[PDB]
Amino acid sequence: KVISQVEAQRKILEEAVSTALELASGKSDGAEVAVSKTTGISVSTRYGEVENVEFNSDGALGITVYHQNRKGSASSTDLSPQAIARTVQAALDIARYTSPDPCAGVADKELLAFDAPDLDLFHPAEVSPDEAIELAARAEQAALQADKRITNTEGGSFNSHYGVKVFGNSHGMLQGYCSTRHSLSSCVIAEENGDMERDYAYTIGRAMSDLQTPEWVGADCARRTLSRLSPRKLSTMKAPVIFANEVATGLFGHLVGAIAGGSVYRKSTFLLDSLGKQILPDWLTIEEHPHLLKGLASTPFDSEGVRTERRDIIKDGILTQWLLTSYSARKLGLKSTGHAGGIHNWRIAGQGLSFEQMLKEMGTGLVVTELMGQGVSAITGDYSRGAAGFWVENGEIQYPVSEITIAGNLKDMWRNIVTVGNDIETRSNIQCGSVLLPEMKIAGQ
């Protein structure tokens, strides 16, 4: 039945885009309009009882217009015809006061997804609040009952939403798509000898039937939380570092900002001179897969309506391309690569070792499992972040560690990766296993 609510919403959104474009058309050289609507439920439990029930409904329309290469933008959450009219007028008025900028404008017609692919992103569920509560409660209760050292809770949580997005522009593109996301988590607190620790586990997917069970979530939550108890603060040292899979994804994630066209044309990236250079090991390829069916970050077009493409961003260690949008492409004398709004599923294969085998290879060193702070310079690659994780000796985890930092430079870190594990994290945009680096500076006692 929810399919009908979504199809009604989609028709309304399509009409809102067409209305906005027509209102802009006689007064601008170009215009781009995006609208979205997201609806669903978010629930939490505390000690297995309902805590919060939140009903979500968010809508939005944005327009950008261009005249004499001058741009103006406006947005509204109200999608009434009169609100749309006011929004269009506001953008047009702004464009009288901004300066001509020839790199600005609607994306090139030759790059637009006029006939956008169906990526099967929409798997709705009629989950009632009571059903949502029971899933959250089950996850939380499974964590709480795992071990008597679990003495408090931050709850179970369940989220289920559907979305409709429509984009159009003055080249005649008008395409939209629907999507869903569902997730289930729990987060509990353990104590030992006057030390409290918190950790969490979760499952996420586009279809409810892709989720791990509540009991799986709770068991993982408890396992992770209990593993943090009674940490040591390491002494200041140099040692090898494994980025556990869950933070290894973020290690590769820093690449996005460093090869973004916006950073490149402004010369504000440490990789400015690295296009076609080997910045990673010669066996390492980062594959982008924007059209994976049901993919967590799949998209049929970027935020400027540009087609998304299968590309090897890194191929055998070599940086093959920048991540360009229409504006940054134009600054560089290039064409958009369909990266307005970010990256669309990165995949990095393992090199054959399990996490356990990686511990044995390293022998002695630090496993980082959680990082804190920004501490990454876009312009130099300098890296300094707070860390928690585990000390490893004799190829075995010895004790958890916290209240330490890890420091280095991304250029050196990336180039000298020893291996990547087969323990792939599969809940994220970037998916990879654990990553072994030969040395970082660890600050501590």
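All residue numbers are counted from 1 along the displayed sequence.
Stretches 162 to 170 and 266 to 274 differ in mean C-alpha B factor, with the higher average recorded for 266 to 274. According to the PDB record, 188 to 196 carries the higher mean C-alpha B-factor of the two stretches 188 to 196 and 125 to 133. For the set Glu51, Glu403, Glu54, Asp58, the maximum C-alpha B-factor listed in the entry falls on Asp58. Residue set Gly253, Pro290, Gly218, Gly305: peak C-alpha B-factor at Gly253 (per PDB entry). Sort the chain's modelled residues by C-alpha temperature factor and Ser25 lands in the highest third, per the entry. Sort the chain's modelled residues by C-alpha temperature factor and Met440 lands in the middle third, per the entry. Ranked by C-alpha B-factor against the other modelled residues of its chain, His339 falls in the lowest third. In the deposited entry, the Cα temperature factor of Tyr97 sits in the top third of values across the chain's modelled residues. Ranked against the other modelled residues of its chain, the C-alpha B-factor of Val367 as given in the entry falls in the lowest third.
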